[PDB]
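Chains as they are written, first to last, in full-length UniProt numbering: chain G, 1 to 403; chain E, 11 to 165, 196 to 209.
Backbone N, C-alpha and C define an ideal beta-carbon position, used for all residues, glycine too.
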């Protein structure tokens, strides 16, 4: 009578012109219970905007096989999904968030096994801008974007999406999960750690620990182990946990992390001879928990903390006396370590080579420049906006009946 | 900044034109621009992203990373030795020329803010200029130079009204 491929291409136009848009996400997820590619060729000559919304469902089906159809020519599938996001974009993306988020997840899984996952970064960076109304929103697509920066070592696209805080996730028909809230804060903390941004890394790793749970998990275990190494660089002791934190961290994660709790005890004594013995002792624990490289930053942080500690007590210490407390073996190694802190901006000092000593002065900044007043006015613009957003959410709860 | 616009326009073409493996000449532009901004963190991570089959086939990428190796260690006499050794005649030459000026400018802001009594014998190895040329340029600026010791001594209403009605009502 007629081909079955023609009766499954005109059904996507009735649900897109009516008020009910929930059934549209279910029709494109099954594609008429067919596993072919003839539906993509019919959406071109009979498409409203460009390829309508049935183009993403056919490409998402082929990604489940995790293989190529015929011959090494898998580049025709990565370029087809790029034209739909840039040119076609899409208007009904707010209702079909189940298939829109699952398409980016299946695309990244098929890009790592073949070649290098590099094209997926530029594709996911455009779909995340359509769901955000210039207010920095969060969704399952934003959680997958941070995972692409972990494999492909390039923290450049992760700057405009992480420099501004995010709030109020995009919800309409269900597009988030509890596993996405823990994997986003864990992957986001690794970016601020390498970028020398310990002020934002401490806050990102704290949200993944305060989340309650029922048992133990791999994400919650790696979040508490990195919380000690980050807090040991800024201060000298680990910060306490809030009252609404999970009880599993203080009953199950705490006894299992005995190798990280003993590291903060020796750091308070400020002794480089005793800290080196804990690295070779706990070397088996740092390798089985993929925590290599994070503990190396704490070794150089003790030497920088001893120099800043002598600034409060002493004033103009000699070059030979500074190599005994900090233990640098010779006065020649002391002049090279203090020069690294000047370029980074951790402390301001002056080397007096004419007398063989070094001076330790404070920062002569009274904060009276006109640029400081503009920073306060710019920071106050975000406080008046956060209070206005909380007033709209408070009126919504008052409308709904409660106990 | 003028050089900051070239880095933003180069990363957009890296995640759009190639489908998996990029091209050697583009990798040399991102690594050279990261070295000028004194950002060793993004430059080290970008070097690890390049597959080993590209570094072993393209010898021009090895000369760029050789100059960046001394930047992580922060060795001033080790920068000018790696620049005049391996160069590319394409798009890296106009970028590598600006890297030599950033090295001399970095030592000017570091010695004058940490070395109040730098030695004239060691100051020539930090800016690249010889000993006969380093003691001459410092006298025209304002820095002193001792003798018989070789010592150099370097160094609103619209916003207020909005907060009134916001806090009151």
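Next item on the list: Using 10 angstroms around the beta-carbon of residue 375(G), count the other beta-carbons present and answer buried if the total reaches 16, otherwise exposed.
Entry: exposed
Check: How is residue 352(G) classed by DSSP in three states: helix, strand or coil?
Finding: strand
Next item on the list: Could you check the C-alpha separation between residue 362(G) and residue 351(G) for me, to the nearest Å?
Entry: 14 Å
Check: What residues in its chain sit with their C-beta under 7 Å from that of residue 260(G), if we drop five residues either side in the sequence?
Finding: 225, 228
Note to self: Whether or not the segment 88–106 of chain E and the segment 180–194 of chain G are in contact is what I'm after, with contact meaning three or more pairs of Cβ atoms, one per stretch, closer than 8 Å; do they touch?
What the structure shows: no
Check: Whose Cβ in chain G lies nearer than 8 Å to the Cβ of residue 126(E)?
Finding: 350, 351, 352, 359
Next item on the list: Within 10 angstroms of the Cβ of residue 139(G), are there 16 or more other Cβ atoms? Answer buried if so, exposed if not.
Entry: buried
Notebook entry, point to check: Comparing the C-beta of residue 154(G) with each C-beta of chain E, is any distance below 9 Å?
Noted result: yes
Next item on the list: Over the uninterrupted beta strand (DSSP E) stretch that includes residue 358(G), give me the two end residues.
Entry: 357–360
Next item on the list: May I ask which residues mark the beginning and end of the alpha helix (DSSP H) holding residue 322(G)?
Entry: 322–325
Margin query: Within 9 Å of any Cβ in chain G, is that where the Cβ of residue 37(E) sits?
Written below: no
Checklist line | Buried or exposed by the 16-neighbour rule on C-beta atoms within 10 Å, applied to residue 78(E) | finding: buried
Checklist line | is_contact[residue 84(G), chain E] using C-beta, thresh 9 Å | finding: no
Check: If we cut at 9 Å on Cβ distances, does residue 399(G) have a partner in chain E?
Finding: no
Note to self: Taking the beta carbon of residue 57(E) as the centre, do at least 16 other beta carbons fall within 10 Å, making it buried, or is it exposed?
What the structure shows: buried
Notebook entry, point to check: To which residues of the same chain is residue 113(E) closer than 6 Å at the C-beta, ignoring the five residues directly before and after it?
Noted result: 89
Note to self: Out of 111(E), 154(E), 109(E), 136(E), which one is the CA nearest neighbour of residue 121(E)?
What the structure shows: 136(E)
Notebook entry, point to check: In the segment 99–127 of chain E, which residues sit with their C-beta less than 7 Å from some C-beta in chain G, listed in chain order?
Noted result: 120, 123, 124, 125, 126, 127
Check: List, in order along the chain, the chain G residues whose C-beta lies closer than 8 Å to that of residue 61(E)?
Finding: 116
Next item on the list: Using a Cβ cut-off of 9 Å (strictly closer), state whether residue 28(E) contacts chain G.
Entry: yes
Margin query: Quick check on this structure: which residue in 249(G), 238(G), 204(G), 198(G) has the alpha carbon closest to the alpha carbon of residue 220(G)?
Written below: 249(G)
Next item on the list: Under 9 Å between beta-carbons, which chain G residues line up against residue 191(E)? List them in chain order, please.
Entry: Coordinates for residue 191(E) are absent, as chain E skips straight from 165 to 196.
Next item on the list: Name the residue from 160(G), 14(G), 251(G), 198(G) whose alpha carbon lies nearest to the alpha carbon of residue 233(G).
Entry: 198(G)
Notebook entry, point to check: How about residue 9(G) and residue 39(G): are their beta carbons less than 9 Å apart?
Noted result: yes
Notebook entry, point to check: For residue 213(G), which residues from the same chain have a beta carbon less than 7 Å from its beta carbon, with the 5 sequence-adjacent residues on both sides left out?
Noted result: 220, 246, 248
Check: Around the Cβ of residue 125(G), are there at least 16 other Cβ atoms within 10 angstroms (buried) or fewer (exposed)?
Finding: buried
Notebook entry, point to check: Would you report the Cα separation of residue 171(G) and residue 343(G), rounded to the nearest angstrom?
Noted result: 46 Å
Margin query: Does the structure place the segment 52–71 of chain G close enough to the segment 19–32 of chain G that three or more beta carbon pairs sit under 8 Å?
Written below: yes
Check: When you compare only the Cα positions, how much space is there between residue 252(G) and residue 211(G)?
Finding: 15 Å
Notebook entry, point to check: According to DSSP, is residue 162(E) helix, strand or coil?
Noted result: strand
Note to self: Against residue 171(E), what residues of chain G qualify as contacts under a CB-to-CB distance less than 7 Å, listed in chain order?
What the structure shows: Coordinates for residue 171(E) are absent; the numbering of chain E skips from 165 straight to 196.
Notebook entry, point to check: Taking Cβ positions, are residue 128(E) and residue 353(G) nearer each other than 9 Å?
Noted result: yes
Check: How about residue 230(G) and residue 264(G): are their beta carbons less than 9 Å apart?
Finding: no
Check: Would DSSP call residue 147(G) helix, strand or coil?
Finding: helix
Notebook entry, point to check: Between which two residues does the alpha helix (DSSP H) containing residue 88(G) stretch?
Noted result: Here residue 88(G) belongs to no alpha helix (DSSP H), and DSSP marks it neither H nor E.
Next item on the list: Identify the contact partners of residue 121(G) in chain E, using a Cβ-Cβ distance below 8 Å as the criterion.
Entry: 25
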